[PDB]
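Undergrad: Sharing start_26.pdb here; it has PDB, N, CA, C and O atoms and all ligand atoms.
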```
MODEL        1
ATOM      1  N   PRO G   1     126.896  90.367 123.487
ATOM      2  CA  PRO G   1     127.414  89.823 122.227
ATOM      3  C   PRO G   1     127.278  90.785 121.044
ATOM      4  O   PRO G   1     128.143  90.789 120.174
ATOM      5  N   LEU G   2     126.221  91.589 121.011
ATOM      6  CA  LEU G   2     126.070  92.561 119.932
ATOM      7  C   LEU G   2     127.097  93.680 120.061
ATOM      8  O   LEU G   2     127.564  94.208 119.055
ATOM      9  N   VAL G   3     127.449  94.041 121.292
ATOM     10  CA  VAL G   3     128.514  95.009 121.530
ATOM     11  C   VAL G   3     129.830  94.467 120.980
ATOM     12  O   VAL G   3     130.587  95.183 120.327
ATOM     13  N   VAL G   4     130.098  93.191 121.240
ATOM     14  CA  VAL G   4     131.317  92.560 120.749
ATOM     15  C   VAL G   4     131.349  92.579 119.222
ATOM     16  O   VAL G   4     132.343  92.987 118.620
ATOM     17  N   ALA G   5     130.259  92.142 118.597
ATOM     18  CA  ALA G   5     130.206  92.067 117.143
ATOM     19  C   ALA G   5     130.332  93.445 116.500
ATOM     20  O   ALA G   5     131.125  93.627 115.581
ATOM     21  N   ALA G   6     129.565  94.417 116.984
ATOM     22  CA  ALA G   6     129.613  95.761 116.417
ATOM     23  C   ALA G   6     131.004  96.377 116.558
ATOM     24  O   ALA G   6     131.494  97.051 115.651
ATOM     25  N   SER G   7     131.646  96.130 117.695
ATOM     26  CA  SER G   7     132.961  96.705 117.959
ATOM     27  C   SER G   7     134.044  96.063 117.095
ATOM     28  O   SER G   7     134.958  96.747 116.641
ATOM     29  N   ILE G   8     133.946  94.754 116.865
ATOM     30  CA  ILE G   8     134.904  94.079 115.992
ATOM     31  C   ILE G   8     134.797  94.634 114.573
ATOM     32  O   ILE G   8     135.805  94.929 113.937
ATOM     33  N   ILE G   9     133.570  94.778 114.088
ATOM     34  CA  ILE G   9     133.329  95.297 112.749
ATOM     35  C   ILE G   9     133.831  96.735 112.629
ATOM     36  O   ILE G   9     134.442  97.102 111.626
ATOM     37  N   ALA G  10     133.584  97.542 113.657
ATOM     38  CA  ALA G  10     134.027  98.932 113.668
ATOM     39  C   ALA G  10     135.555  99.037 113.624
ATOM     40  O   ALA G  10     136.110  99.851 112.886
ATOM     41  N   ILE G  11     136.228  98.209 114.416
ATOM     42  CA  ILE G  11     137.682  98.243 114.466
ATOM     43  C   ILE G  11     138.296  97.721 113.167
ATOM     44  O   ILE G  11     139.265  98.296 112.664
ATOM     45  N   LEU G  12     137.737  96.653 112.608
ATOM     46  CA  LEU G  12     138.228  96.151 111.335
ATOM     47  C   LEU G  12     138.046  97.202 110.240
ATOM     48  O   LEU G  12     138.936  97.414 109.422
ATOM     49  N   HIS G  13     136.897  97.869 110.235
ATOM     50  CA  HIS G  13     136.639  98.905 109.243
ATOM     51  C   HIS G  13     137.671 100.036 109.365
ATOM     52  O   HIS G  13     138.170 100.548 108.363
ATOM     53  N   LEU G  14     138.000 100.407 110.599
ATOM     54  CA  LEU G  14     139.015 101.422 110.854
ATOM     55  C   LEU G  14     140.375 100.992 110.303
ATOM     56  O   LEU G  14     141.099 101.793 109.708
ATOM     57  N   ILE G  15     140.723  99.725 110.502
ATOM     58  CA  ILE G  15     141.989  99.200 110.003
ATOM     59  C   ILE G  15     142.040  99.287 108.481
ATOM     60  O   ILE G  15     143.062  99.670 107.907
ATOM     61  N   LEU G  16     140.936  98.940 107.828
ATOM     62  CA  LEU G  16     140.866  98.993 106.373
ATOM     63  C   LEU G  16     141.043 100.419 105.874
ATOM     64  O   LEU G  16     141.766 100.663 104.909
ATOM     65  N   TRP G  17     140.380 101.360 106.536
ATOM     66  CA  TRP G  17     140.502 102.770 106.189
ATOM     67  C   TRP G  17     141.942 103.248 106.355
ATOM     68  O   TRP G  17     142.485 103.929 105.486
ATOM     69  N   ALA G  18     142.559 102.878 107.471
ATOM     70  CA  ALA G  18     143.928 103.299 107.755
ATOM     71  C   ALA G  18     144.907 102.764 106.715
ATOM     72  O   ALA G  18     145.792 103.490 106.259
ATOM     73  N   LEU G  19     144.748 101.500 106.337
ATOM     74  CA  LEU G  19     145.620 100.902 105.332
ATOM     75  C   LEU G  19     145.457 101.606 103.991
ATOM     76  O   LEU G  19     146.434 101.804 103.267
ATOM     77  N   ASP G  20     144.227 101.990 103.662
ATOM     78  CA  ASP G  20     143.959 102.722 102.427
ATOM     79  C   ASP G  20     144.631 104.093 102.451
ATOM     80  O   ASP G  20     145.208 104.527 101.453
ATOM     81  N   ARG G  21     144.557 104.770 103.592
ATOM     82  CA  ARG G  21     145.165 106.091 103.743
ATOM     83  C   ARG G  21     146.687 106.018 103.663
ATOM     84  O   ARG G  21     147.330 106.875 103.055
ATOM     85  N   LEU G  22     147.261 105.000 104.293
ATOM     86  CA  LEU G  22     148.707 104.842 104.327
ATOM     87  C   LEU G  22     149.270 104.544 102.940
ATOM     88  O   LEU G  22     150.414 104.886 102.641
TER      89      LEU G  22
HETATM   90  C1  LIG Z 101     148.774 103.240 114.070
HETATM   91  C2  LIG Z 101     149.082 104.390 113.187
HETATM   92  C3  LIG Z 101     148.259 104.329 111.911
HETATM   93  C4  LIG Z 101     148.311 105.670 111.189
HETATM   94  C5  LIG Z 101     147.175 105.843 110.184
HETATM   95  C6  LIG Z 101     147.424 107.060 109.309
HETATM   96  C7  LIG Z 101     146.169 107.477 108.516
HETATM   97  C8  LIG Z 101     146.560 108.748 107.656
HETATM   98  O1  LIG Z 101     147.750 108.416 107.014
HETATM   99  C9  LIG Z 101     148.254 109.420 106.143
HETATM  100  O2  LIG Z 101     147.166 109.837 105.350
HETATM  101  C10 LIG Z 101     147.554 110.763 104.360
HETATM  102  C11 LIG Z 101     146.295 111.150 103.565
HETATM  103  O3  LIG Z 101     145.192 110.814 104.426
HETATM  104  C12 LIG Z 101     148.523 110.043 103.388
HETATM  105  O4  LIG Z 101     148.867 110.931 102.398
HETATM  106  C13 LIG Z 101     149.779 109.661 104.201
HETATM  107  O5  LIG Z 101     150.672 109.067 103.319
HETATM  108  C14 LIG Z 101     149.326 108.673 105.272
HETATM  109  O6  LIG Z 101     150.481 108.392 105.982
ENDMDL
END
```
Can the structure in the file be given as structure tokens, please?

TA:
Amino acid sequence: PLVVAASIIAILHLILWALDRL
């Protein structure tokens, strides 16, 4: 479950960064 949570947060953070860059 911690793998799931950490990975969701990591992917969402990546999406936020990408949207900012775009
Ligand atoms: C699934 C594809 C997502 C692509 C994410 C692109 C992240 C970088 O994107 C590019 O970044 C440049 C500066 O960093 C900007 O000047 C460009 O306009 C932006 O397109």

Undergrad: Neighbours of ligand LIG 101 (chain Z) within 6 Å, counting all atoms listed in the file, as number ranges by chain?

TA: G: 17-18, 21-22

Undergrad: Would you mind exporting N, CA, C and O atoms of the selected residues as a PDB file, keeping the file's coordinate frame?

TA:
```pdb
ATOM      1  N   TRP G  17     140.380 101.360 106.536  1.00  0.00           N
ATOM      2  CA  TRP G  17     140.502 102.770 106.189  1.00  0.00           C
ATOM      3  C   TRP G  17     141.942 103.248 106.355  1.00  0.00           C
ATOM      4  O   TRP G  17     142.485 103.929 105.486  1.00  0.00           O
ATOM      5  N   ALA G  18     142.559 102.878 107.471  1.00  0.00           N
ATOM      6  CA  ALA G  18     143.928 103.299 107.755  1.00  0.00           C
ATOM      7  C   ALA G  18     144.907 102.764 106.715  1.00  0.00           C
ATOM      8  O   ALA G  18     145.792 103.490 106.259  1.00  0.00           O
ATOM      9  N   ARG G  21     144.557 104.770 103.592  1.00  0.00           N
ATOM     10  CA  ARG G  21     145.165 106.091 103.743  1.00  0.00           C
ATOM     11  C   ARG G  21     146.687 106.018 103.663  1.00  0.00           C
ATOM     12  O   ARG G  21     147.330 106.875 103.055  1.00  0.00           O
ATOM     13  N   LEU G  22     147.261 105.000 104.293  1.00  0.00           N
ATOM     14  CA  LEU G  22     148.707 104.842 104.327  1.00  0.00           C
ATOM     15  C   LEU G  22     149.270 104.544 102.940  1.00  0.00           C
ATOM     16  O   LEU G  22     150.414 104.886 102.641  1.00  0.00           O
TER      17      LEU G  22
END
```

Undergrad: Record the distance separating atom N of residue 20 (chain G) and CA of residue 4 (chain G), expressed in Å with one decimal.

TA: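 Interatomic distance, atom N of residue 20 (chain G) to CA of residue 4 (chain G): 23.4 Å.
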
Undergrad: What gap, in Å, lies between atom C of residue 1 (chain G) and atom O of residue 19 (chain G)?

TA: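 Between these atoms lies a distance of 28.4 Å.
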